[PDB]
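Asks: Mind looking over this structure? Questions follow.
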Amino acid sequence: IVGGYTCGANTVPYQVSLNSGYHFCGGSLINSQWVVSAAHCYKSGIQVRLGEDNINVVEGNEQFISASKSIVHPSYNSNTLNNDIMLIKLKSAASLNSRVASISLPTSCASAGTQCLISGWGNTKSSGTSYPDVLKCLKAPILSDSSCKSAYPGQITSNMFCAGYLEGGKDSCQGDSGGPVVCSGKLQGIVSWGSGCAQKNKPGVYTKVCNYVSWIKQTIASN
Ligand SMILES: [Ca+2]
């Protein structure tokens with residue numbers, strides 16, 4: 001997260017870190033056994049880390065649970081990043097509490113102008129590299145489809161939306177991939193892509209979760 005703020009320990013209780021020997025992506029806990037992330041975060045050997053703040057220090061509220069399976073969206077295209085969504089099942093159910101809690105799926109799509117919370121452990125610099133170890137947060141508005149398509153000609157599908165600031169300076173970044181965009185207590189987006197980070201006229205692009213609720217519910221119900 002570039003141009004954000006330190007969230008505060010366990011203030012984003014649905015935020016997970018995906019770890020394969022190291023943090024590589026964010027995710028969102030949507031029930032005791034399932035995490036939603038980006039399809040481009042797919043790999044084998046995933047451990048889901050819940051209750052994290054400092055991802056380099058065991059602080060006492062963590063739960064570490066290996067994934068038993070991952071399910072990449074059937075229509076995910078890794079070239080275009082269309083349908084950039086994946087489900088991860090935990091080998092055992094997380095113990096839910098105030099610091100480890102699921103986030104609700106949307107019942108309707110969020111509109112341009114809606115204020116959201118984006119979070120992650122990704123790079124905090126738009127030029128160069130610095131990784132925070134504590135969770136970072138950014139409040140950002142959903143942008144109009146028109147402005148999104150104008151910013152990224154030929155690249156924005158019906159399964160994507162832009163959020164952030166056209167002036168630059170505030171954005172998600174490398175390592176935030178797969179993490180949450182939450183608006184009015186609903187998971188509306190997944191950190192997907194962008195051209196660099198926090199660059200002028202290049203806002204963050206996010207997977208439009210409301211398009212996938214039926215797929216998510218049905219997949220969970222049979223797996
Ligand atoms: Ca920790």
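By order of appearance in the structure tokens: chains A, B, ..., then residues from 1 within every chain, and ligands from 1 in the order shown.
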Restrict the calculation to only C-alpha atoms and all ligand atoms, then for each residue of chain A with any atom at most 10 Å from an atom of ligand 1 give the closest atom pair and their distance in Å to one decimal, rows by chain and rising residue number, as a tab-separated table.
Replies:
```
residue	atom	partner	partner_atom_place_in_ligand_line	distance
A:9	CA	ligand 1	1 (Ca)	9.6
A:17	CA	ligand 1	1 (Ca)	9.8
A:49	CA	ligand 1	1 (Ca)	8.4
A:50	CA	ligand 1	1 (Ca)	8.8
A:51	CA	ligand 1	1 (Ca)	7.5
A:52	CA	ligand 1	1 (Ca)	4.6
A:53	CA	ligand 1	1 (Ca)	5.4
A:54	CA	ligand 1	1 (Ca)	4.5
A:55	CA	ligand 1	1 (Ca)	4.2
A:56	CA	ligand 1	1 (Ca)	5.7
A:57	CA	ligand 1	1 (Ca)	4.4
A:58	CA	ligand 1	1 (Ca)	4.1
A:59	CA	ligand 1	1 (Ca)	5.1
A:60	CA	ligand 1	1 (Ca)	7.4
A:61	CA	ligand 1	1 (Ca)	7.7
A:62	CA	ligand 1	1 (Ca)	6.2
A:63	CA	ligand 1	1 (Ca)	9.3
A:64	CA	ligand 1	1 (Ca)	9.9
A:133	CA	ligand 1	1 (Ca)	8.7
A:134	CA	ligand 1	1 (Ca)	8.5
```
Asks: So that each row is one residue of segment 84-132 of chain A with an atom at most 10 Å from segment 162-168 of chain A, can you give its shortest atom pair and the distance in Å to one decimal, using only C-alpha atoms, rows by chain and rising number, as a Markdown table?
Replies:
```
| residue | atom | partner | partner_atom | distance |
| --- | --- | --- | --- | --- |
| A:112 | CA | A:163 | CA | 8.5 |
| A:113 | CA | A:163 | CA | 9.0 |
| A:114 | CA | A:163 | CA | 9.3 |
| A:115 | CA | A:163 | CA | 9.1 |
| A:116 | CA | A:163 | CA | 8.5 |
| A:118 | CA | A:163 | CA | 9.3 |
| A:126 | CA | A:168 | CA | 9.4 |
```
Asks: Could you take the residues named above and write them with N, CA and C atoms, as a PDB file, in the first residue's frame?
Replies:
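Output contents, as saved in result.pdb:
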```
ATOM      1  N   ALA A 112     -19.712   3.623  -8.244  1.00  0.00           N
ATOM      2  CA  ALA A 112     -18.674   4.646  -8.311  1.00  0.00           C
ATOM      3  C   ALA A 112     -18.954   5.703  -7.246  1.00  0.00           C
ATOM      4  N   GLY A 113     -17.896   6.151  -6.577  1.00  0.00           N
ATOM      5  CA  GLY A 113     -18.013   7.104  -5.485  1.00  0.00           C
ATOM      6  C   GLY A 113     -18.088   6.469  -4.112  1.00  0.00           C
ATOM      7  N   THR A 114     -18.409   5.177  -4.049  1.00  0.00           N
ATOM      8  CA  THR A 114     -18.464   4.479  -2.770  1.00  0.00           C
ATOM      9  C   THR A 114     -17.070   4.443  -2.155  1.00  0.00           C
ATOM     10  N   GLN A 115     -16.993   4.750  -0.864  1.00  0.00           N
ATOM     11  CA  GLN A 115     -15.732   4.737  -0.136  1.00  0.00           C
ATOM     12  C   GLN A 115     -15.444   3.320   0.357  1.00  0.00           C
ATOM     13  N   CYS A 116     -14.203   2.877   0.172  1.00  0.00           N
ATOM     14  CA  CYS A 116     -13.800   1.524   0.538  1.00  0.00           C
ATOM     15  C   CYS A 116     -12.491   1.525   1.309  1.00  0.00           C
ATOM     16  N   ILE A 118      -8.925  -0.552   1.519  1.00  0.00           N
ATOM     17  CA  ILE A 118      -8.003  -1.471   0.865  1.00  0.00           C
ATOM     18  C   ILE A 118      -6.846  -1.712   1.827  1.00  0.00           C
ATOM     19  N   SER A 126       6.219   3.935  -4.561  1.00  0.00           N
ATOM     20  CA  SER A 126       5.805   3.952  -5.969  1.00  0.00           C
ATOM     21  C   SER A 126       7.019   3.866  -6.888  1.00  0.00           C
TER      22      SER A 126
END
```
Asks: List the spatial neighbours of segment 103-108 of chain A as a PyMOL selection string - criterion: any atom at most 9 Å away, only C-alpha atoms, same-chain residues fewer than 6 positions off excluded.
Replies: chain A and resi 13-15+28-31+182+185-188+209-211+213
Asks: Go ahead and save the residues from that selection, with N, CA, C and O atoms, as a PDB file, in the first residue's frame.
Replies:
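Once written, result_7.pdb looks like this:
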```
ATOM      1  N   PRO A  13      -9.943  -7.793  10.617  1.00  0.00           N
ATOM      2  CA  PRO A  13      -9.870  -9.187  11.075  1.00  0.00           C
ATOM      3  C   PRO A  13     -10.081 -10.256   9.996  1.00  0.00           C
ATOM      4  O   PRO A  13      -9.799 -11.429  10.239  1.00  0.00           O
ATOM      5  N   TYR A  14     -10.576  -9.841   8.834  1.00  0.00           N
ATOM      6  CA  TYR A  14     -10.774 -10.731   7.685  1.00  0.00           C
ATOM      7  C   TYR A  14      -9.550 -10.800   6.779  1.00  0.00           C
ATOM      8  O   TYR A  14      -9.522 -11.612   5.854  1.00  0.00           O
ATOM      9  N   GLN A  15      -8.556  -9.944   7.022  1.00  0.00           N
ATOM     10  CA  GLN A  15      -7.350  -9.911   6.199  1.00  0.00           C
ATOM     11  C   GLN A  15      -6.468 -11.097   6.530  1.00  0.00           C
ATOM     12  O   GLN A  15      -6.109 -11.295   7.689  1.00  0.00           O
ATOM     13  N   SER A  28      -8.982 -12.736   1.751  1.00  0.00           N
ATOM     14  CA  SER A  28     -10.071 -12.358   2.649  1.00  0.00           C
ATOM     15  C   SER A  28     -10.787 -13.602   3.149  1.00  0.00           C
ATOM     16  O   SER A  28     -11.187 -14.457   2.351  1.00  0.00           O
ATOM     17  N   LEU A  29     -10.948 -13.696   4.463  1.00  0.00           N
ATOM     18  CA  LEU A  29     -11.683 -14.798   5.077  1.00  0.00           C
ATOM     19  C   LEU A  29     -13.171 -14.536   4.893  1.00  0.00           C
ATOM     20  O   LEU A  29     -13.675 -13.503   5.331  1.00  0.00           O
ATOM     21  N   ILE A  30     -13.870 -15.455   4.228  1.00  0.00           N
ATOM     22  CA  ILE A  30     -15.310 -15.284   3.980  1.00  0.00           C
ATOM     23  C   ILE A  30     -16.185 -16.265   4.762  1.00  0.00           C
ATOM     24  O   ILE A  30     -17.393 -16.070   4.850  1.00  0.00           O
ATOM     25  N   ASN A  31     -15.578 -17.316   5.307  1.00  0.00           N
ATOM     26  CA  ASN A  31     -16.177 -18.097   6.395  1.00  0.00           C
ATOM     27  C   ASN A  31     -15.079 -18.861   7.132  1.00  0.00           C
ATOM     28  O   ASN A  31     -13.902 -18.694   6.820  1.00  0.00           O
ATOM     29  N   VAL A 182     -12.977  -3.500   0.810  1.00  0.00           N
ATOM     30  CA  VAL A 182     -14.228  -3.621   1.556  1.00  0.00           C
ATOM     31  C   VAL A 182     -14.938  -2.273   1.606  1.00  0.00           C
ATOM     32  O   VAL A 182     -14.330  -1.257   1.930  1.00  0.00           O
ATOM     33  N   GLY A 185     -18.849  -2.616   4.768  1.00  0.00           N
ATOM     34  CA  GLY A 185     -18.861  -3.932   5.402  1.00  0.00           C
ATOM     35  C   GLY A 185     -19.019  -5.118   4.464  1.00  0.00           C
ATOM     36  O   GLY A 185     -19.271  -6.234   4.928  1.00  0.00           O
ATOM     37  N   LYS A 186     -18.859  -4.894   3.161  1.00  0.00           N
ATOM     38  CA  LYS A 186     -18.970  -5.968   2.161  1.00  0.00           C
ATOM     39  C   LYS A 186     -17.693  -6.058   1.338  1.00  0.00           C
ATOM     40  O   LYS A 186     -17.105  -5.040   0.995  1.00  0.00           O
ATOM     41  N   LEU A 187     -17.291  -7.278   0.996  1.00  0.00           N
ATOM     42  CA  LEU A 187     -16.118  -7.494   0.148  1.00  0.00           C
ATOM     43  C   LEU A 187     -16.494  -7.233  -1.311  1.00  0.00           C
ATOM     44  O   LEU A 187     -17.103  -8.078  -1.958  1.00  0.00           O
ATOM     45  N   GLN A 188     -16.141  -6.063  -1.829  1.00  0.00           N
ATOM     46  CA  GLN A 188     -16.514  -5.704  -3.196  1.00  0.00           C
ATOM     47  C   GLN A 188     -15.391  -5.940  -4.197  1.00  0.00           C
ATOM     48  O   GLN A 188     -15.655  -6.097  -5.385  1.00  0.00           O
ATOM     49  N   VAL A 209     -16.095  -8.434  -7.246  1.00  0.00           N
ATOM     50  CA  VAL A 209     -16.544  -9.614  -6.499  1.00  0.00           C
ATOM     51  C   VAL A 209     -18.044  -9.897  -6.644  1.00  0.00           C
ATOM     52  O   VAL A 209     -18.458 -11.057  -6.658  1.00  0.00           O
ATOM     53  N   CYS A 210     -18.855  -8.848  -6.757  1.00  0.00           N
ATOM     54  CA  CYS A 210     -20.311  -9.030  -6.854  1.00  0.00           C
ATOM     55  C   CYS A 210     -20.730  -9.908  -8.037  1.00  0.00           C
ATOM     56  O   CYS A 210     -21.794 -10.537  -7.994  1.00  0.00           O
ATOM     57  N   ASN A 211     -19.906  -9.949  -9.086  1.00  0.00           N
ATOM     58  CA  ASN A 211     -20.163 -10.825 -10.240  1.00  0.00           C
ATOM     59  C   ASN A 211     -19.936 -12.311  -9.956  1.00  0.00           C
ATOM     60  O   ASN A 211     -20.312 -13.158 -10.776  1.00  0.00           O
ATOM     61  N   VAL A 213     -20.566 -13.960  -6.750  1.00  0.00           N
ATOM     62  CA  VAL A 213     -21.185 -14.442  -5.517  1.00  0.00           C
ATOM     63  C   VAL A 213     -21.835 -15.807  -5.713  1.00  0.00           C
ATOM     64  O   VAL A 213     -21.704 -16.683  -4.860  1.00  0.00           O
TER      65      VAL A 213
END
```
Asks: Considering only C-alpha atoms, return as an MDAnalysis selection string whatever protein or nucleic-acid residues lie within 12 Å of segment 75-84 of chain A, sequence-local ones (same chain, fewer than 4 positions apart) excluded.
Replies: chainID A and resid 36:42 71 154:161 177:179 189:194 205:212 215
Asks: With only C-alpha atoms as the atoms that count, which of A:47, A:6, A:214, A:147 lies nearest to residue 20 of chain A?
Replies: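 Counting only C-alpha atoms, the residue closest to residue 20 of chain A is A:47.
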Asks: Hey, which of A:87, A:135, A:197, A:1 ends up closest to residue 48 of chain A? Count only C-alpha atoms.
Replies: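 Distance minimum relative to residue 48 of chain A lands on A:87.
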Asks: Give the strand (DSSP E) residues of segment 35-175 of chain A, as DSSP finds them on the backbone, and put them as a PyMOL selection string.
Replies: chain A and resi 35-37+47-50+63-72+86-90+115-120+136-141+160-163
Asks: Using the chain letters and numbers from this document, which residues of segment 17-209 of chain A does DSSP assign to helix (DSSP H, G or I), as a PDB file with N, CA, C and O atoms, in the first residue's frame?
Replies:
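Wrote it out as out33.pdb, contents follow:
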```
ATOM      1  N   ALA A  39      -6.730 -15.040  -8.548  1.00  0.00           N
ATOM      2  CA  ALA A  39      -6.249 -16.195  -9.300  1.00  0.00           C
ATOM      3  C   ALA A  39      -4.757 -16.098  -9.610  1.00  0.00           C
ATOM      4  O   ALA A  39      -4.069 -17.117  -9.670  1.00  0.00           O
ATOM      5  N   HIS A  40      -4.250 -14.883  -9.804  1.00  0.00           N
ATOM      6  CA  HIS A  40      -2.825 -14.720 -10.102  1.00  0.00           C
ATOM      7  C   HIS A  40      -1.939 -14.985  -8.879  1.00  0.00           C
ATOM      8  O   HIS A  40      -0.714 -15.045  -9.010  1.00  0.00           O
ATOM      9  N   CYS A  41      -2.561 -15.161  -7.714  1.00  0.00           N
ATOM     10  CA  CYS A  41      -1.875 -15.625  -6.510  1.00  0.00           C
ATOM     11  C   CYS A  41      -1.769 -17.145  -6.422  1.00  0.00           C
ATOM     12  O   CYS A  41      -1.191 -17.664  -5.471  1.00  0.00           O
ATOM     13  N   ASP A 145     -16.790   3.692 -14.255  1.00  0.00           N
ATOM     14  CA  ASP A 145     -16.385   2.797 -15.339  1.00  0.00           C
ATOM     15  C   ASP A 145     -15.739   3.588 -16.478  1.00  0.00           C
ATOM     16  O   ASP A 145     -14.726   3.165 -17.043  1.00  0.00           O
ATOM     17  N   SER A 146     -16.319   4.743 -16.799  1.00  0.00           N
ATOM     18  CA  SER A 146     -15.795   5.613 -17.851  1.00  0.00           C
ATOM     19  C   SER A 146     -14.355   6.059 -17.588  1.00  0.00           C
ATOM     20  O   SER A 146     -13.499   5.959 -18.473  1.00  0.00           O
ATOM     21  N   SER A 147     -14.088   6.553 -16.379  1.00  0.00           N
ATOM     22  CA  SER A 147     -12.741   7.008 -16.033  1.00  0.00           C
ATOM     23  C   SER A 147     -11.769   5.833 -15.975  1.00  0.00           C
ATOM     24  O   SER A 147     -10.602   5.971 -16.343  1.00  0.00           O
ATOM     25  N   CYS A 148     -12.259   4.679 -15.525  1.00  0.00           N
ATOM     26  CA  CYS A 148     -11.445   3.466 -15.466  1.00  0.00           C
ATOM     27  C   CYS A 148     -11.022   3.038 -16.876  1.00  0.00           C
ATOM     28  O   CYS A 148      -9.842   2.808 -17.142  1.00  0.00           O
ATOM     29  N   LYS A 149     -11.991   2.958 -17.782  1.00  0.00           N
ATOM     30  CA  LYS A 149     -11.722   2.581 -19.171  1.00  0.00           C
ATOM     31  C   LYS A 149     -10.850   3.605 -19.901  1.00  0.00           C
ATOM     32  O   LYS A 149     -10.025   3.239 -20.742  1.00  0.00           O
ATOM     33  N   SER A 150     -11.020   4.882 -19.570  1.00  0.00           N
ATOM     34  CA  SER A 150     -10.195   5.942 -20.150  1.00  0.00           C
ATOM     35  C   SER A 150      -8.746   5.855 -19.676  1.00  0.00           C
ATOM     36  O   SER A 150      -7.822   6.159 -20.433  1.00  0.00           O
ATOM     37  N   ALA A 151      -8.554   5.448 -18.423  1.00  0.00           N
ATOM     38  CA  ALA A 151      -7.215   5.286 -17.851  1.00  0.00           C
ATOM     39  C   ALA A 151      -6.477   4.096 -18.453  1.00  0.00           C
ATOM     40  O   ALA A 151      -5.262   4.139 -18.623  1.00  0.00           O
ATOM     41  N   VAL A 209     -16.095  -8.434  -7.246  1.00  0.00           N
ATOM     42  CA  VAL A 209     -16.544  -9.614  -6.499  1.00  0.00           C
ATOM     43  C   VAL A 209     -18.044  -9.897  -6.644  1.00  0.00           C
ATOM     44  O   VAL A 209     -18.458 -11.057  -6.658  1.00  0.00           O
TER      45      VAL A 209
END
```
Asks: Could you check how far atom CA of residue 140 of chain A sits from atom CA of residue 19 of chain A, in Å to one decimal?
Replies: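 So the answer is 26.5 Å.
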Asks: Residues at most 8 Å from residue 5 of chain A, counting only C-alpha atoms, excluding those fewer than 2 positions away in the same chain, as number ranges by chain?
Replies: A: 3, 7, 136-138
Asks: So what do you get for atom CA of residue 101 of chain A versus atom CA of residue 204 of chain A, distance-wise?
Replies: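 Computed distance, atom CA of residue 101 of chain A to atom CA of residue 204 of chain A, equals 25.6 Å.
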Asks: Counting only C-alpha atoms, what is within 8 Å of residue 132 of chain A, bar same-chain residues fewer than 4 positions away, as an MDAnalysis selection string?
Replies: chainID A and resid 121:124 136
Asks: Take the residues just selected and output them with N, CA and C atoms as a PDB file, in the first residue's frame.
Replies:
```
ATOM      1  N   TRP A 121       0.092  -5.992   2.939  1.00  0.00           N
ATOM      2  CA  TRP A 121       1.484  -5.918   3.372  1.00  0.00           C
ATOM      3  C   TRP A 121       2.414  -5.659   2.186  1.00  0.00           C
ATOM      4  N   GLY A 122       1.868  -5.094   1.111  1.00  0.00           N
ATOM      5  CA  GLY A 122       2.636  -4.852  -0.098  1.00  0.00           C
ATOM      6  C   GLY A 122       3.562  -3.653  -0.009  1.00  0.00           C
ATOM      7  N   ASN A 123       4.310  -3.446  -1.086  1.00  0.00           N
ATOM      8  CA  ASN A 123       5.265  -2.346  -1.214  1.00  0.00           C
ATOM      9  C   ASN A 123       4.616  -1.001  -0.862  1.00  0.00           C
ATOM     10  N   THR A 124       5.355  -0.153  -0.142  1.00  0.00           N
ATOM     11  CA  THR A 124       4.858   1.170   0.244  1.00  0.00           C
ATOM     12  C   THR A 124       5.461   2.312  -0.582  1.00  0.00           C
ATOM     13  N   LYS A 136      -0.954  -2.386   6.346  1.00  0.00           N
ATOM     14  CA  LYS A 136      -1.233  -1.016   5.918  1.00  0.00           C
ATOM     15  C   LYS A 136      -2.629  -0.931   5.316  1.00  0.00           C
TER      16      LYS A 136
END
```
Asks: State, in Å with one decimal place, the distance from atom CA of residue 44 of chain A to atom CA of residue 68 of chain A.
Replies: 10.1 Å
